[PDB]
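A short write-up of the structure that comes next.
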Amino acid sequence: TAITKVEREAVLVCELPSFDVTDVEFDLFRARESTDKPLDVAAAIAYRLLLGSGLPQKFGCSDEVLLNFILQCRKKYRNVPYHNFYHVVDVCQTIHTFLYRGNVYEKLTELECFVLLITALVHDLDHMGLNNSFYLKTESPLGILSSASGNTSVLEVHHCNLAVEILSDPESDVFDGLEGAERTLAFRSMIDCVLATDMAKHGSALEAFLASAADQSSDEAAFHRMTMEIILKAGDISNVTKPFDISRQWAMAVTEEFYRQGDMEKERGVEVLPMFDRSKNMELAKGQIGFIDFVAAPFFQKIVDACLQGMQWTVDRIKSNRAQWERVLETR
Ligand SMILES: [Mg+2]
Ligand SMILES: [Zn+2]
């Protein structure tokens, strides 16, 4: 279904007036509420980041093809509290700051940077606010399909499929200007990055990245790839690296998705983890502190110590968000 000229022009008119999209403290929530067309603003942020980078022009992607691509991604995100178009635009923006303020561009080629920024926008296509466990535990059609076809990353495979479908049309194929090994690397690296977002693979992905970083004779291609996976992973859990108020808003939104899954799980007669249980009302702060201590702090501290020195601010910001959550608890 082609993109109208009207859909494009609506995005193209957006000014972005009091906003620096390149900055680590960019506030997507304030961008949304400053317009009655927040979905067009979101699209314009992605469009301007991408064009502003110089990367699409280097790889033969025209302005029009880029914008069509962004709009075809947008059509496939749903009206869910968290895993929506704003999330992926946020991940794109955040990865941009990791590459260009955190200087991770030093570890990757320009092609890999372009692929990562594009991959951010496809990485949760058609998410329905339900995680992989829901599908496997309820024996839903997608769960059965995954089980029968091998791979337990139900959603990530689904997202890759839709990404491939979008890119198979030349009018939205941001990789159309590539050929041969470069076009293959684009698709293979996109898919690997998206598959690496499944949190069941978190420890394995991290170990593999760290082992590959410690090894000076690492297969360069595989180290580059690992770096891409880790950067998409970092963007995906980057809410805790943001100014506290921004971090808190994302945490409220994800929590609402967890509760809606738990409602759906209860009414299907399946097991509900207490974090998903609306009626066993839980403290936002303990959940954030839990995530920080067991997942995010070691992840970001390790990748920074191992090789990504320029992303030091992420560790500092996690440390200060954690302390703030700890004071929310201490004063209750
Ligand atoms: Mg995902
Ligand atoms: Zn995501």
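Ligands are numbered from 1 in the order shown, residues from 1 within each chain, and chains are lettered A, B, ... in the order they appear in the structure tokens.
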Mind dumping a table of every chain A residue within 10 Å of ligand 2, with the nearest atom pair and its distance in Å to one decimal, using only C-alpha atoms and all ligand atoms, sorted by chain and rising number, as CSV?
residue,atom,partner,partner_atom_place_in_ligand_line,distance
A:82,CA,ligand 2,1 (Zn),8.8
A:83,CA,ligand 2,1 (Zn),6.3
A:84,CA,ligand 2,1 (Zn),8.7
A:85,CA,ligand 2,1 (Zn),9.9
A:87,CA,ligand 2,1 (Zn),6.7
A:88,CA,ligand 2,1 (Zn),6.5
A:90,CA,ligand 2,1 (Zn),9.5
A:91,CA,ligand 2,1 (Zn),7.4
A:120,CA,ligand 2,1 (Zn),8.1
A:121,CA,ligand 2,1 (Zn),9.3
A:122,CA,ligand 2,1 (Zn),9.3
A:123,CA,ligand 2,1 (Zn),6.3
A:124,CA,ligand 2,1 (Zn),5.4
A:125,CA,ligand 2,1 (Zn),9.2
A:127,CA,ligand 2,1 (Zn),8.9
A:156,CA,ligand 2,1 (Zn),9.6
A:194,CA,ligand 2,1 (Zn),9.0
A:197,CA,ligand 2,1 (Zn),7.3
A:198,CA,ligand 2,1 (Zn),9.2
A:232,CA,ligand 2,1 (Zn),8.8
A:233,CA,ligand 2,1 (Zn),8.4
A:235,CA,ligand 2,1 (Zn),8.2
A:236,CA,ligand 2,1 (Zn),4.9
A:237,CA,ligand 2,1 (Zn),7.8
A:238,CA,ligand 2,1 (Zn),10.0
Handout entry: Exercise: residue 61 (chain A) partners within 6 Å, only C-alpha atoms, chain neighbours under 4 positions left out, as an MDAnalysis selection string
Key = chainID A and resid 56:57 174
For the residues in that selection, give me N, CA, C and O atoms as a PDB file, in the first residue's frame.
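Result file follows (again-v6.pdb):
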ATOM      1  N   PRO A  56      22.175   8.196   4.613  1.00  0.00           N
ATOM      2  CA  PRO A  56      21.367   7.734   3.442  1.00  0.00           C
ATOM      3  C   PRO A  56      21.896   8.191   2.074  1.00  0.00           C
ATOM      4  O   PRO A  56      21.899   7.434   1.152  1.00  0.00           O
ATOM      5  N   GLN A  57      22.416   9.401   2.004  1.00  0.00           N
ATOM      6  CA  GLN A  57      22.970   9.993   0.790  1.00  0.00           C
ATOM      7  C   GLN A  57      24.203   9.215   0.393  1.00  0.00           C
ATOM      8  O   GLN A  57      24.346   8.902  -0.763  1.00  0.00           O
ATOM      9  N   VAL A 174      15.452   1.197   1.792  1.00  0.00           N
ATOM     10  CA  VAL A 174      16.569   2.078   2.094  1.00  0.00           C
ATOM     11  C   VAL A 174      17.919   1.446   1.776  1.00  0.00           C
ATOM     12  O   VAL A 174      18.921   2.136   1.746  1.00  0.00           O
TER      13      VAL A 174
END
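Distance annotation: of A:63, A:173, A:245, A:293, the residue with the minimal separation from residue 26 (chain A) is A:245; atom set is only C-alpha atoms.
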Exercise for the section: Pick out the closest residue to ligand 1 from this set: A:22, A:132, A:97, A:140. Count only C-alpha atoms and all ligand atoms. Expected result: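 Residue with the minimum atom-to-atom distance to ligand 1: A:132.
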Problem - CA of residue 272 (chain A) to CA of residue 134 (chain A), distance in Å rounded to a single decimal - result: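 Between these atoms lies a distance of 9.4 Å.
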Exercise for the section: From a DSSP calculation on the backbone, collect every residue of region 196-284 of chain A in helix (DSSP H, G or I) and output the set as an NGL selection string. Expected result: :A and (199-214 or 220-236 or 238-241 or 244-267 or 274-276 or 284)
Handout entry: Option closest in space to ligand 1, from A:40, A:126, A:169, A:220 [counting only C-alpha atoms and all ligand atoms]
Key =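 Nearest candidate to ligand 1 out of A:40, A:126, A:169, A:220: A:126.
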Exercise for the section: Would you mind listing what lies within 10 Å of residue 243 (chain A) as a ChimeraX atom specification, with only C-alpha atoms counted and same-chain residues fewer than 6 positions away left out? Expected result: /A:24-27,317-318,320-321
Practice task
Write out as a PyMOL selection string which residues come within 12 Å of region 108-110 of chain A when counting only C-alpha atoms, dropping same-chain ones fewer than 5 positions away.
Solution key: chain A and resi 53-59+98-100+103+115-117+182+185-186+220-229+231+308
Those same residues - N, CA and C atoms - I'd like them written as a PDB file, in the first residue's frame.
ATOM      1  N   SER A  53      22.400  12.921   9.299  1.00  0.00           N
ATOM      2  CA  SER A  53      23.608  12.144   9.489  1.00  0.00           C
ATOM      3  C   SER A  53      24.475  12.076   8.247  1.00  0.00           C
ATOM      4  N   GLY A  54      23.922  12.342   7.069  1.00  0.00           N
ATOM      5  CA  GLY A  54      24.676  12.122   5.838  1.00  0.00           C
ATOM      6  C   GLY A  54      24.732  10.641   5.364  1.00  0.00           C
ATOM      7  N   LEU A  55      24.213   9.709   6.164  1.00  0.00           N
ATOM      8  CA  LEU A  55      24.353   8.297   5.835  1.00  0.00           C
ATOM      9  C   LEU A  55      23.467   7.820   4.648  1.00  0.00           C
ATOM     10  N   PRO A  56      22.175   8.196   4.613  1.00  0.00           N
ATOM     11  CA  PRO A  56      21.367   7.734   3.442  1.00  0.00           C
ATOM     12  C   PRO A  56      21.896   8.191   2.074  1.00  0.00           C
ATOM     13  N   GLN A  57      22.416   9.401   2.004  1.00  0.00           N
ATOM     14  CA  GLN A  57      22.970   9.993   0.790  1.00  0.00           C
ATOM     15  C   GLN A  57      24.203   9.215   0.393  1.00  0.00           C
ATOM     16  N   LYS A  58      25.059   8.843   1.345  1.00  0.00           N
ATOM     17  CA  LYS A  58      26.233   8.012   1.007  1.00  0.00           C
ATOM     18  C   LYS A  58      25.868   6.660   0.397  1.00  0.00           C
ATOM     19  N   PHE A  59      24.715   6.106   0.787  1.00  0.00           N
ATOM     20  CA  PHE A  59      24.347   4.765   0.370  1.00  0.00           C
ATOM     21  C   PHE A  59      23.233   4.719  -0.650  1.00  0.00           C
ATOM     22  N   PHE A  98      24.584   7.419  21.123  1.00  0.00           N
ATOM     23  CA  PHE A  98      25.675   6.490  21.426  1.00  0.00           C
ATOM     24  C   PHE A  98      26.760   6.499  20.365  1.00  0.00           C
ATOM     25  N   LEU A  99      26.359   6.541  19.102  1.00  0.00           N
ATOM     26  CA  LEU A  99      27.345   6.522  18.036  1.00  0.00           C
ATOM     27  C   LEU A  99      28.163   7.807  17.981  1.00  0.00           C
ATOM     28  N   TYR A 100      27.485   8.942  18.079  1.00  0.00           N
ATOM     29  CA  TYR A 100      28.075  10.250  17.740  1.00  0.00           C
ATOM     30  C   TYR A 100      28.455  11.158  18.930  1.00  0.00           C
ATOM     31  N   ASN A 103      30.822   8.274  20.690  1.00  0.00           N
ATOM     32  CA  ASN A 103      31.906   7.950  19.760  1.00  0.00           C
ATOM     33  C   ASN A 103      32.036   6.476  19.390  1.00  0.00           C
ATOM     34  N   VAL A 115      22.886   1.075   8.973  1.00  0.00           N
ATOM     35  CA  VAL A 115      22.057  -0.108   9.248  1.00  0.00           C
ATOM     36  C   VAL A 115      21.471  -0.062  10.665  1.00  0.00           C
ATOM     37  N   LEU A 116      22.295   0.269  11.662  1.00  0.00           N
ATOM     38  CA  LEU A 116      21.776   0.372  13.019  1.00  0.00           C
ATOM     39  C   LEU A 116      20.658   1.396  13.168  1.00  0.00           C
ATOM     40  N   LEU A 117      20.828   2.578  12.619  1.00  0.00           N
ATOM     41  CA  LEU A 117      19.795   3.575  12.740  1.00  0.00           C
ATOM     42  C   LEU A 117      18.479   3.120  12.100  1.00  0.00           C
ATOM     43  N   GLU A 182      27.718  -5.793   0.291  1.00  0.00           N
ATOM     44  CA  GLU A 182      27.196  -4.730   1.141  1.00  0.00           C
ATOM     45  C   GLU A 182      25.686  -4.863   1.396  1.00  0.00           C
ATOM     46  N   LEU A 185      25.340  -7.825   3.849  1.00  0.00           N
ATOM     47  CA  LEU A 185      25.720  -7.412   5.192  1.00  0.00           C
ATOM     48  C   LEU A 185      24.587  -6.590   5.816  1.00  0.00           C
ATOM     49  N   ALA A 186      23.962  -5.692   5.056  1.00  0.00           N
ATOM     50  CA  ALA A 186      22.866  -4.898   5.584  1.00  0.00           C
ATOM     51  C   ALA A 186      21.744  -5.767   6.137  1.00  0.00           C
ATOM     52  N   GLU A 220      37.125  -9.766  12.692  1.00  0.00           N
ATOM     53  CA  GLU A 220      36.682  -8.370  12.647  1.00  0.00           C
ATOM     54  C   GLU A 220      35.208  -8.248  12.313  1.00  0.00           C
ATOM     55  N   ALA A 221      34.751  -8.936  11.283  1.00  0.00           N
ATOM     56  CA  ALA A 221      33.336  -8.942  10.947  1.00  0.00           C
ATOM     57  C   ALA A 221      32.392  -9.316  12.112  1.00  0.00           C
ATOM     58  N   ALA A 222      32.791 -10.312  12.871  1.00  0.00           N
ATOM     59  CA  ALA A 222      31.999 -10.813  13.984  1.00  0.00           C
ATOM     60  C   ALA A 222      32.059  -9.817  15.169  1.00  0.00           C
ATOM     61  N   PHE A 223      33.218  -9.225  15.447  1.00  0.00           N
ATOM     62  CA  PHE A 223      33.301  -8.160  16.441  1.00  0.00           C
ATOM     63  C   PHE A 223      32.415  -6.942  16.097  1.00  0.00           C
ATOM     64  N   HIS A 224      32.458  -6.525  14.835  1.00  0.00           N
ATOM     65  CA  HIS A 224      31.620  -5.430  14.341  1.00  0.00           C
ATOM     66  C   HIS A 224      30.163  -5.750  14.507  1.00  0.00           C
ATOM     67  N   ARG A 225      29.793  -6.953  14.140  1.00  0.00           N
ATOM     68  CA  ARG A 225      28.438  -7.453  14.271  1.00  0.00           C
ATOM     69  C   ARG A 225      27.961  -7.465  15.730  1.00  0.00           C
ATOM     70  N   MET A 226      28.795  -8.007  16.606  1.00  0.00           N
ATOM     71  CA  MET A 226      28.545  -8.050  18.029  1.00  0.00           C
ATOM     72  C   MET A 226      28.340  -6.666  18.626  1.00  0.00           C
ATOM     73  N   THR A 227      29.169  -5.741  18.173  1.00  0.00           N
ATOM     74  CA  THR A 227      29.055  -4.375  18.556  1.00  0.00           C
ATOM     75  C   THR A 227      27.663  -3.786  18.145  1.00  0.00           C
ATOM     76  N   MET A 228      27.223  -4.123  16.936  1.00  0.00           N
ATOM     77  CA  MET A 228      25.929  -3.683  16.458  1.00  0.00           C
ATOM     78  C   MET A 228      24.844  -4.266  17.332  1.00  0.00           C
ATOM     79  N   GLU A 229      24.929  -5.535  17.624  1.00  0.00           N
ATOM     80  CA  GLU A 229      23.911  -6.188  18.470  1.00  0.00           C
ATOM     81  C   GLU A 229      23.833  -5.529  19.845  1.00  0.00           C
ATOM     82  N   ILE A 231      24.837  -2.460  20.716  1.00  0.00           N
ATOM     83  CA  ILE A 231      24.341  -1.108  20.623  1.00  0.00           C
ATOM     84  C   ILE A 231      22.812  -1.107  20.459  1.00  0.00           C
ATOM     85  N   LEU A 308      33.718   0.561  25.192  1.00  0.00           N
ATOM     86  CA  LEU A 308      32.926   1.722  24.814  1.00  0.00           C
ATOM     87  C   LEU A 308      33.049   2.856  25.841  1.00  0.00           C
TER      88      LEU A 308
END
Handout entry: Point-to-point distance in Å for CA of residue 247 (chain A) and CA of residue 288 (chain A)
Key =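 Taking CA of residue 288 (chain A) as the start and CA of residue 247 (chain A) as the end point, the length is 9.5 Å.
Proximity to residue 151 (chain A) at 12 Å, evaluated using only C-alpha atoms and with sequence-adjacent residues fewer than 6 positions away removed, yields residues 132, 136, 142, 143, 144, 145, 157, 158, 195, 198, 200 and 201 of chain A.
Shortest atom-to-atom contact with residue 171 (chain A) among A:258, A:250, A:86, A:69: A:69, counting only C-alpha atoms.
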Exercise for the section: Tell me which of A:163, A:153, A:114, A:277 sits closest to ligand 1, counting only C-alpha atoms and all ligand atoms. Expected result: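 Residue with the minimum atom-to-atom distance to ligand 1: A:153.
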Problem - Which of A:68, A:147, A:239, A:168 sits closest to residue 251 (chain A) [using only C-alpha atoms] - result: A:239
Practice task
For CA of residue 300 (chain A) and CA of residue 216 (chain A), determine how far apart the two atoms are, in Å to one decimal place.
Solution key: 21.2 Å
Handout entry: residue 268 (chain A) surroundings by only C-alpha atoms, 12 Å radius, close-in-sequence under 3 positions cut, as a ChimeraX atom specification
Key = /A:134-135,137-140,261-265,271-272
Handout entry: Neighbour list for region 19-21 of chain A as number ranges by chain, cut-off 10 Å, only C-alpha atoms, skip fewer than 6 positions in-chain
Key = A: 27-28, 30-31, 45-46, 48-49, 93-94, 96-97
